[PDB]
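Student: Have a look at the structure that comes next, please.
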Amino acid sequence: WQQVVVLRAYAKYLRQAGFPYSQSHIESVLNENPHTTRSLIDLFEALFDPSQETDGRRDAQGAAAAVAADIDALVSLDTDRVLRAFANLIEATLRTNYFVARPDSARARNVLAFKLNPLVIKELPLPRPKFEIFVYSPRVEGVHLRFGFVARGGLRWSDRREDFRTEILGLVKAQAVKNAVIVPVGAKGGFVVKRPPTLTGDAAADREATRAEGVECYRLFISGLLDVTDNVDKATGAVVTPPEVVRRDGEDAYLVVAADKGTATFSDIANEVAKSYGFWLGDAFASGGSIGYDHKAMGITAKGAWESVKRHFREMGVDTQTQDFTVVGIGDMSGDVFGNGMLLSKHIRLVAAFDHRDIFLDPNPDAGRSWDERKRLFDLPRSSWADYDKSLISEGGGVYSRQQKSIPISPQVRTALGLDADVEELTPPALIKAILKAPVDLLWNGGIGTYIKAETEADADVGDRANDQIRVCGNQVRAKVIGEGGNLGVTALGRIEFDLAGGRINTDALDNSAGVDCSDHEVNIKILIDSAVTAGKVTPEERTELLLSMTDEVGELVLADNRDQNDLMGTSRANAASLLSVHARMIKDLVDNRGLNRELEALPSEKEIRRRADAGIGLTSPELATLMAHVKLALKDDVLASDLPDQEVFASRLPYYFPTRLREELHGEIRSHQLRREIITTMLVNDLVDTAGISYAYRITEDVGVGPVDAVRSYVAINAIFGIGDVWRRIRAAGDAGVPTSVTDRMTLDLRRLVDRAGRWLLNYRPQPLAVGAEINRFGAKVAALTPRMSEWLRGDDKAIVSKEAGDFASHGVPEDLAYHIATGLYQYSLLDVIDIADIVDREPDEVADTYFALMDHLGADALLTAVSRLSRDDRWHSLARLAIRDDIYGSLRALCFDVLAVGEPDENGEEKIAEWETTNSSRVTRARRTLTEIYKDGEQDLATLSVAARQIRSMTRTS
Amino acid sequence: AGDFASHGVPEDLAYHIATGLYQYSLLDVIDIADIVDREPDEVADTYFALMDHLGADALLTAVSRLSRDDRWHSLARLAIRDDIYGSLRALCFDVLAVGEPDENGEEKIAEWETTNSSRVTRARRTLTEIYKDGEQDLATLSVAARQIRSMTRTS
């Protein structure tokens with residue numbers, strides 16, 4: 001009967017996979033072929049019986065040949081397909097718990113677990129996860145999908161026992177995007193009970209049976225998960241395989257369970273089960289529950305969404321910390337998101353805020369009194385809007401109940417809500433709909449469900465009946481800024497329509513990621529301290545004290561990460577219109593190679609892209625966030641396959657992930673972290689995308705023609721040489737002082753132009769692969785020495801345009817030193833060629849830079865470079881051509897620098913060197929200079945004129 | 001030559017006419033032989049063999065198809081033409097810098113391609129993809145011109 005259970009579980013998995021024939025057809029086929037079923041049973045048993053490993057070589061060829069020689073003899077198409085599916089399932093099986101016999105395991109409790117490789121199963125619909133775990137039992141049935149070795153995700157207590165794997169596979173994509181900024185990879189699991197709770201007709205007894213039966217099934221599902229999962233033992237530091245378990249894949253020990261719609265209160269139960277199994281993660285197996293961080297006291301999710309709200313308001317020119325603004329909210333002063341988000345600013349004027357029970361209306365709210373009352377309400381352990389003080393409410397406003405038939409409308413409420421002038425009373429449904437469509441500065445979301453829909457989206461496809469009566473249209477919402485503190489507040493198409501309606505909006509996974517990030521960081525810390533617990537460095541009863549001590553620093557680190565991502569999104573929004581073609585090329589590349597689905601990820605189609613191109617508009621902000629997340633995931637996958645995290649020059653920033661206390665006290669444990677490579681990869685990709693931009697690596701791939709690994713090397717070299725991170729931080733700090741977002745965005749765009757050109761220079765002028773440490777140590781010191789003295793050698797038009805740009809920057813509040821440093825970025829790029837030239841001519845870089853920039857002013861190369869920058873980039877080939885002519889000009893000036901410094905004496909300045917070089921030229925050089933002069937006089941700046949000018953500069957050099 | 005002779009043109013005159021664009025390259029061949037103080041026979045052999053190796057004839061024909069409606073486009077098209085010719089001159093210097101005179105053009109090209117680098121490999125792949133694309137505007141020909149240029153160290 002046990003082997004029958006194995007076959008039954010495989011058949012149930014096939015039904016979950018969407019196999020056409022039903023269970024009755026499957027069992028009929030198996031019954032009509034008992035010899036074949038015997039062959040498959042022998043195959044599975046011999047593969048996974050540990051005793052077979054003690055019986056010499058396993059009967060691999062014999063079992064495989066017997067099965068094949070029986071399958072090919074079949075004549076029935078349905079029988080052949082069914083038995084082939086089972087044969088492939090047996091071949092794809094990696095681990096099982098059929099032979100473990102320890103009493104505490106789930107096997108003794110009649111639970112069967114299978115670890116499967118979905119990549120080699122024919123009947124599985126796309127996408128195919130990296131690892132799958134199928135747990136079958138007569139009481140509970142669950143699945144778990146993972147896309148990588150280090151994975152994280154929640155567990156649904158689903159009720160769709162007929163086909164729940166489709167629901168899990170649908171949610172795994174959104175979960176994968178949700179984990180773009182955090183270390184692990186998106187994963188998703190889900191279990192369902194098979195016998196429903198006892199139907200007795202009494203609500204008190206029914207709801208008790210649902211919870212009671214759910215815990216026992218939840219315990220069993222996790223127990224099956226831990227049977228096949230490996231364990232990490234710090235007695236030796238290696239990964240141990242559970243006994244009586246025969247593996248066919250490699251090693252896999254990471255497994256983290258997150259709360260979800262049916263697991264929010266099951267965290268402590270999961271941790272207790274992990275303790276029973278003796279799992280290495282311990283209390284980190286589940287997020288929070290009873291040991292961890294008070295997310296209510298932290299409010300990290302509300303702060304994370306408030307960063308996006310503040311960025312949008314700064315883009316509007318409004319400071320939420322010093323200017324009063326009106327807010328419509330969803331929720332009450334009792335939840336984590338809404339409660340912490342409504343107390344972050346004393347200038348908040350909550351005009352209206354509905355909930356699941358009652359509605360709060362304030363036509364002309366105050367600031368200090370409103371903040372005080374909101375704080376007082378948040379002080380209670382539990383409260384609603386009915387507890388709001390009716391003495392502090394404005395005239396005409398108040399608190400009403402959602403269960404009333406109708407609510408009278410005051411003229412003040414109507415004036416503060418922007419409704420039809422003839423209304424005098426309204427119903428709670430229409431009141432909520434009118435609140436959702438209001439001329440209000442901020443729309444704070446802290447509730448559950450979807451309240452905003454797209455115009456073309458169907459009500460049933462949303463998947464929320466409770467809000468089906470109150471769902472509104474995205475293009476109809478009148479709010480300027482929408483902050484999504486909760487999950488799934490607005491659909492992706494609704495986000496696209498809202499951003500196309502002029503409103504500012506980002507993806508929810510970009511706003512509320514802080515709560516996930518703080519969940520990841522704590523886990524990433526809980527492991528490290530646990531290591532120090534085994535080493536004796538951490539006293540066991542001081543461990544919890546240490547976590548409670550580092551809570552604020554953890555929140556600060558997560559907030560810094562969210563600030564970085566928000567700043568990158570703002571800059572990308574500023575440069576969204578001019579990079580539409582490159583974005584479309586990136587989408588096509590990801591679709592062709594990484595198997596991205598445009599409709600599933602809400603990315604625009606080719607027709608939509610060309611329609612926007614004819615309309616002169618780039619991608620929407622949520623679309624940009626989605627593409628940025630996918631690029632981050634692809635870069636993570638590329639780096640993990642490489643050895644960059646292994647090398648020290650990239651691993652030098654590992655301690656910065658952890659708080660300062662751990663940074664000082666724990667050094668060897670940090671250097672010997674279990675998830676070190678993944679943390680390094682996440683940090684590198686986050687820094688690269690945040691600083692260089694979304695399209696940095698892809699443009700490198702098209703232009704240079706190398707893999708993303710070399711792009712990462714180039715960005716690291718440039719960041720260490722020029723200090724791009726410090727400049728970006730200074731720009732952000734200046735923007736925080738009162739500088740408008742336009743000036744800061746332009747500064748970041750110029751800096752990104754600098755890093756693009758410089759990285760291309762390293763990829764084109766240095767041996768491949770790039771020795772990052774070598775080029776850093778041979779360029780960075782000289783660049784840092786020559787950068788401050790830039791004013792010593794700029795002449796003529798170069799000095800004039802730099803002074804103009806620096807003055808324009810400083811006129812908006814930018815510091816003069818930062819403004820001048822920004823205006824010289826294109827000239828700081830030339831210092832790389834200056835250092836290379838000085839290395840070749842074994843001379844000091846001061847004279848080399850002097851003569852180089854003097855010669856640049858002599859030929860007026862700045863005007864030609866600016867004209868080259870104006871060249872069209874509508875297709876790829878024109879882009880390659882314009883970078884070609886740019887690099888040709890730069891190389892020509894390099895050769896001219898060789899020619900000029902080949903004569904003269906070092907004490908001579910740039911002007912004298914140019915004079916004596918022009919003295920000994922020929923009619924060829926005279927004709928070339930006259931041609932450039934006539935070209936400048938003509939004023940034509942098409943490709944042909946710039947090209948002939950490029951050879952004129954080339955012809956000035958003998959080596960050409 | 002066959003098309004010319006099909007109308008009554010003598011075969012010798014027809015072949016001499018059809019080789020005019022290649023008789024032009026003999027000036028560069030003689031200059032190269034003068035620089036490398038070698039016989040012009042081997043120089044011409046390797047030069048035209050390298051021309052067939054890179055398919056410079058197709059690029060020159062495409063350059064000849066460029067528009068001449070104004071003066072500047074004419075200067076640009078003569079610029080790209082002379083750039084291609086000078087690049088093949090430099091490649092001839094590089095190829096004849098190694099090997100032995102008894103080796104023919106094919107062997108010299110083979111041993112030159114043997115000791116190249118990833119830069120030259122990328123350039124040749126780029127020209128191959130350019131030929132596969134079939135686009136013959138100014139931009140594509142210009143980037144192809146640097147690909148041929150990038151095959152040379154002195155560039």
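Ordering of the structure tokens sets the chain letters (A, B, ...), residue numbers begin anew at 1 in every chain, and ligands are numbered from 1 in the order given.
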Just want the 10 Å neighbourhood of residue 312 (chain A), counted on only C-alpha atoms, with same-chain residues fewer than 2 positions away dropped. Output as a list in words.
Tutor: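 Close residues of residue 312 (chain A): residues 306, 307, 308, 309, 310, 314, 315, 316, 317, 318, 319, 442, 480, 481, 482, 483, 503, 504, 505, 506, 566, 570 and 741 of chain A.
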Student: Write the residues of the preceding selection, restricted to N, CA, C and O atoms, as a compact mmCIF listing (two decimals), in the first residue's frame.
Tutor:
# COMPACT_ATOMS: atom_id res chain seq x y z
N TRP A 306 6.91 56.52 2.61
CA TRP A 306 7.00 57.96 2.78
C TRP A 306 8.18 58.54 2.01
O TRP A 306 8.13 59.71 1.61
N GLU A 307 9.24 57.76 1.81
CA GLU A 307 10.35 58.23 1.00
C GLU A 307 9.92 58.48 -0.44
O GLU A 307 10.27 59.50 -1.04
N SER A 308 9.14 57.55 -1.01
CA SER A 308 8.62 57.75 -2.36
C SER A 308 7.66 58.92 -2.41
O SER A 308 7.67 59.70 -3.37
N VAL A 309 6.82 59.07 -1.38
CA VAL A 309 5.89 60.20 -1.33
C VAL A 309 6.67 61.51 -1.28
O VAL A 309 6.34 62.48 -1.98
N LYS A 310 7.72 61.56 -0.46
CA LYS A 310 8.53 62.77 -0.36
C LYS A 310 9.23 63.08 -1.67
O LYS A 310 9.36 64.25 -2.05
N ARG A 314 8.75 66.47 -3.72
CA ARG A 314 9.87 67.32 -4.10
C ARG A 314 9.88 67.56 -5.61
O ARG A 314 10.22 68.66 -6.07
N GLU A 315 9.50 66.54 -6.39
CA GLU A 315 9.30 66.75 -7.82
C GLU A 315 8.19 67.76 -8.09
O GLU A 315 8.24 68.46 -9.11
N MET A 316 7.20 67.84 -7.21
CA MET A 316 6.17 68.87 -7.30
C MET A 316 6.62 70.20 -6.71
O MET A 316 5.88 71.18 -6.82
N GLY A 317 7.79 70.25 -6.08
CA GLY A 317 8.25 71.45 -5.42
C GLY A 317 7.66 71.68 -4.04
O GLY A 317 7.78 72.79 -3.51
N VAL A 318 7.04 70.67 -3.44
CA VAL A 318 6.42 70.79 -2.14
C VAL A 318 7.18 69.92 -1.14
O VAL A 318 7.46 68.75 -1.38
N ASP A 319 7.51 70.51 0.01
CA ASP A 319 8.20 69.81 1.08
C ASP A 319 7.17 69.37 2.11
O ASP A 319 6.49 70.21 2.71
N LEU A 442 -2.18 64.02 -1.39
CA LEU A 442 -1.64 62.69 -1.15
C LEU A 442 -2.76 61.68 -0.97
O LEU A 442 -3.78 61.97 -0.34
N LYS A 480 -2.87 63.73 -6.77
CA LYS A 480 -1.60 64.05 -7.43
C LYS A 480 -0.56 62.97 -7.15
O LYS A 480 0.16 62.54 -8.06
N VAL A 481 -0.45 62.53 -5.90
CA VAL A 481 0.51 61.52 -5.49
C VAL A 481 -0.23 60.38 -4.82
O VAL A 481 -1.12 60.61 -3.99
N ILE A 482 0.13 59.15 -5.17
CA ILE A 482 -0.44 57.95 -4.57
C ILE A 482 0.69 57.19 -3.89
O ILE A 482 1.66 56.79 -4.55
N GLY A 483 0.57 56.99 -2.58
CA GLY A 483 1.53 56.20 -1.83
C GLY A 483 0.92 54.85 -1.47
O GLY A 483 -0.11 54.78 -0.80
N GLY A 503 -0.55 61.73 -13.01
CA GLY A 503 -0.24 61.45 -11.62
C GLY A 503 1.10 60.76 -11.45
O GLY A 503 1.63 60.13 -12.36
N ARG A 504 1.65 60.90 -10.25
CA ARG A 504 2.93 60.29 -9.89
C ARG A 504 2.66 59.02 -9.09
O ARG A 504 1.93 59.05 -8.10
N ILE A 505 3.25 57.91 -9.53
CA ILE A 505 3.02 56.62 -8.90
C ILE A 505 4.19 55.71 -9.24
O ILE A 505 4.76 55.78 -10.33
N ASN A 506 4.56 54.87 -8.28
CA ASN A 506 5.53 53.80 -8.46
C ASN A 506 4.88 52.47 -8.09
O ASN A 506 3.76 52.42 -7.59
N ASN A 566 14.74 55.22 -4.54
CA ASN A 566 13.85 56.32 -4.90
C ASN A 566 14.57 57.39 -5.69
O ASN A 566 14.02 57.95 -6.65
N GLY A 570 13.69 58.65 -9.47
CA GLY A 570 13.48 60.04 -9.84
C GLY A 570 14.33 60.47 -11.02
O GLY A 570 13.85 61.11 -11.95
N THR A 741 14.53 69.57 -7.72
CA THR A 741 14.89 68.28 -8.29
C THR A 741 15.41 68.39 -9.72
O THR A 741 16.12 67.48 -10.17
Student: Which residues are near region 80-90 of chain B? Cut-off 8 Å, only C-alpha atoms, ignore same chain within fewer than 2 positions. Put them as number ranges by chain.
Tutor: B: 28, 32, 47, 50-51, 56, 60, 63, 76-78, 92-94, 141-142, 145, 148-149, 152, 154
Student: I'd like to know which of A:110, A:869, A:764, A:290 is closest to chain B, using only C-alpha atoms.
Tutor: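 For chain B, the nearest of the given residues is A:764.
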Student: Taking only C-alpha atoms into account, find every residue of chain B that has an atom no more than 8 Å from chain A, and write it out as a PDB file with N, CA and C atoms, in the first residue's frame.
Tutor:
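Saved the output as selection29.pdb:
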ATOM      1  N   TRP B  72      29.324  68.605 -49.118  1.00  0.00           N
ATOM      2  CA  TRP B  72      29.800  67.989 -47.885  1.00  0.00           C
ATOM      3  C   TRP B  72      29.656  66.471 -47.913  1.00  0.00           C
ATOM      4  N   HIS B  73      28.550  65.962 -48.459  1.00  0.00           N
ATOM      5  CA  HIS B  73      28.399  64.516 -48.586  1.00  0.00           C
ATOM      6  C   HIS B  73      29.460  63.933 -49.511  1.00  0.00           C
ATOM      7  N   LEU B  75      32.593  65.166 -49.931  1.00  0.00           N
ATOM      8  CA  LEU B  75      33.819  65.101 -49.141  1.00  0.00           C
ATOM      9  C   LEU B  75      33.772  63.951 -48.143  1.00  0.00           C
ATOM     10  N   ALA B  76      32.600  63.694 -47.558  1.00  0.00           N
ATOM     11  CA  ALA B  76      32.482  62.608 -46.589  1.00  0.00           C
ATOM     12  C   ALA B  76      32.668  61.247 -47.249  1.00  0.00           C
ATOM     13  N   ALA B  79      36.108  60.756 -48.075  1.00  0.00           N
ATOM     14  CA  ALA B  79      36.806  60.534 -46.815  1.00  0.00           C
ATOM     15  C   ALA B  79      36.739  59.071 -46.399  1.00  0.00           C
ATOM     16  N   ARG B 122      36.713  40.640 -32.406  1.00  0.00           N
ATOM     17  CA  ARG B 122      35.484  41.420 -32.297  1.00  0.00           C
ATOM     18  C   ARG B 122      35.257  42.263 -33.545  1.00  0.00           C
ATOM     19  N   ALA B 139      26.198  55.726 -41.720  1.00  0.00           N
ATOM     20  CA  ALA B 139      26.578  55.309 -40.373  1.00  0.00           C
ATOM     21  C   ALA B 139      27.150  53.897 -40.359  1.00  0.00           C
ATOM     22  N   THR B 140      26.478  52.955 -41.025  1.00  0.00           N
ATOM     23  CA  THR B 140      26.953  51.574 -41.035  1.00  0.00           C
ATOM     24  C   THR B 140      28.305  51.461 -41.729  1.00  0.00           C
ATOM     25  N   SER B 142      30.489  53.808 -41.890  1.00  0.00           N
ATOM     26  CA  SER B 142      31.474  54.472 -41.041  1.00  0.00           C
ATOM     27  C   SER B 142      31.956  53.553 -39.924  1.00  0.00           C
ATOM     28  N   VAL B 143      31.031  52.865 -39.252  1.00  0.00           N
ATOM     29  CA  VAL B 143      31.449  51.953 -38.191  1.00  0.00           C
ATOM     30  C   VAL B 143      32.212  50.771 -38.778  1.00  0.00           C
ATOM     31  N   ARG B 146      35.867  51.936 -39.149  1.00  0.00           N
ATOM     32  CA  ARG B 146      36.689  51.787 -37.950  1.00  0.00           C
ATOM     33  C   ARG B 146      36.977  50.325 -37.618  1.00  0.00           C
ATOM     34  N   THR B 154      48.487  50.391 -35.475  1.00  0.00           N
ATOM     35  CA  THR B 154      48.761  51.815 -35.676  1.00  0.00           C
ATOM     36  C   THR B 154      47.478  52.497 -36.140  1.00  0.00           C
ATOM     37  N   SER B 155      46.633  52.830 -35.170  1.00  0.00           N
ATOM     38  CA  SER B 155      45.358  53.478 -35.453  1.00  0.00           C
ATOM     39  C   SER B 155      44.838  54.228 -34.231  1.00  0.00           C
TER      40      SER B 155
END
Student: Please identify all polymer residues within 10 Å of residue 228 (chain A), counting only C-alpha atoms, omitting same-chain residues fewer than 6 positions from it, and present them as a ChimeraX atom specification.
Tutor: /A:94-97,100,113-115,133,241-247,252-253
Student: Quick one, how far is CA of residue 562 (chain A) from CA of residue 337 (chain A)?
Tutor: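 Separation between CA of residue 562 (chain A) and CA of residue 337 (chain A): 15.9 Å.
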Student: Please provide the set of residues having any atom within 12 Å of residue 346 (chain A), restricted to only C-alpha atoms, with same-chain residues fewer than 5 positions apart removed, written as a PyMOL selection string.
Tutor: chain A and resi 319-326+341+365-375
